[PDB]
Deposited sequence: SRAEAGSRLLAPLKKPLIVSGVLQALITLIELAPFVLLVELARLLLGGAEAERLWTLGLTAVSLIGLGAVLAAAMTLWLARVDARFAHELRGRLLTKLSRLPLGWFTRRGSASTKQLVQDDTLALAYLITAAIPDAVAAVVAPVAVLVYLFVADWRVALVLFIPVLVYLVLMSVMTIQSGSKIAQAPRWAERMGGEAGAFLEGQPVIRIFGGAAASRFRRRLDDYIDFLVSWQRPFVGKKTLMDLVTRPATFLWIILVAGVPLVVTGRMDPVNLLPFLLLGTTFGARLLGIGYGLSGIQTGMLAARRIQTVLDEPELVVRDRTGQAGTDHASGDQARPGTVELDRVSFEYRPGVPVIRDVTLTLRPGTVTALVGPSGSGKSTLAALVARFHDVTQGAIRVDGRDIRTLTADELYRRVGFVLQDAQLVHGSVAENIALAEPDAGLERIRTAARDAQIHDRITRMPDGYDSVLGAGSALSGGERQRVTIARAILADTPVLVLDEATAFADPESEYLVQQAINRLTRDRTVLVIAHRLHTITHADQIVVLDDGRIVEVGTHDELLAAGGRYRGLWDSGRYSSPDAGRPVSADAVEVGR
């Protein structure tokens, strides 16, 4: 709960002043209805035209004053929101350069676009719109209620008769189906999933059909049956709950309660006039408080998400390409091991390979060496230095990596190859590109090496992968962490990517996330993992002679 209020800590003073101005503006907006009551009292008293003129000028000036304040609040509140949002975007920018690099491959969490674009926009609506709208929605009924009680406390109480009947019928309607209100969000979530499945499995339903076609239809009918059975019995409650709050019902209660008072001399007829003006729509004002407070809740959830991102842990710094893993264990979630008691020594110049079934934790152990996450227990050392003690400039100058889903920065090809070292000349870049088997397609482009790249490009998966392999080659990292899935990501470009990786892997320590065991026969050290635990370690022929789990995997190939 405190996460939302902690983000908006510096906006305590602007938001308080904004709420005070909106309270002031709403009262100024209700002032004309007070002046009409004074106008009627002037007319009944036979006041001279001079007093009628001053009252008319007072009303016109308040309308002008309210318009000016609402315009002045909007401009000032926009400037406050524009300065805070710029501060926040600067903070999000600095946090994205300090979060652990595995945070961008999360599971079961909001995307970066939602946290940066949508949530920052929800905060802007919160500061500029939802809070002033909520303050007006709460102050208008309270100001009206106090004025109508000052005018007369007897006809003010009978305004609550329709209100109590609404709350009583709302309470009866709520307890009577309290289970179903809790089920209804889960029915919506289920149907969102089933609608996605129906849209996803469309081709099967076209050519095969059968049980698949009627599965979604029958479950759709169940949902519609749930809605109809849930809401149909509450027609009587909901209709009667709506007529009591209508202005026509309030007008009758006001007049049937005021006319007996006025006719019998128990009321001054000008004291009924405030109720006729403002008190008729009093029921619809109380129902607007809920929508006013809904805006605060929606914005505060967004403030909840943004502060949660800003509260994440970061990469702390402590204190021939050899790599030492020593008693390493790792938890993605607390108390859920994924790596347990793994020990390895990637000797300099040797190609070490990780092998195992899906979910064995092989991919995580490569992510740990590049420091996508910090090991919860144990240590990983590179050239005798624990990777925790290394800065990002020091670590990634020693431990490069080419993992799956490679990325291209906005810029020309020359920068993309020379991203690691922009000072490299075009001769050095060209040799690196030819080393990665991409120089052919680069010349095939119309602009040559000046071809622009970015979030969207015509290059296929294999082509941009070889561009990234060209970047890694020119990075010159003695240690390398490689994912074998980069090879068969583009089967039609498989051989070219293999040649690039073959050129990349030479006189460099290598870690391989192996998926096809036939590509592994000449690796210097095989590692077999299942459920996060190293099972066997040794060369290809030696482990086959042992005949352990590795030979079972090979027979399973």
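Residues of the deposited sequence that lack C-alpha coordinates fall in the stretches 1-2, 322-337, 576-595.
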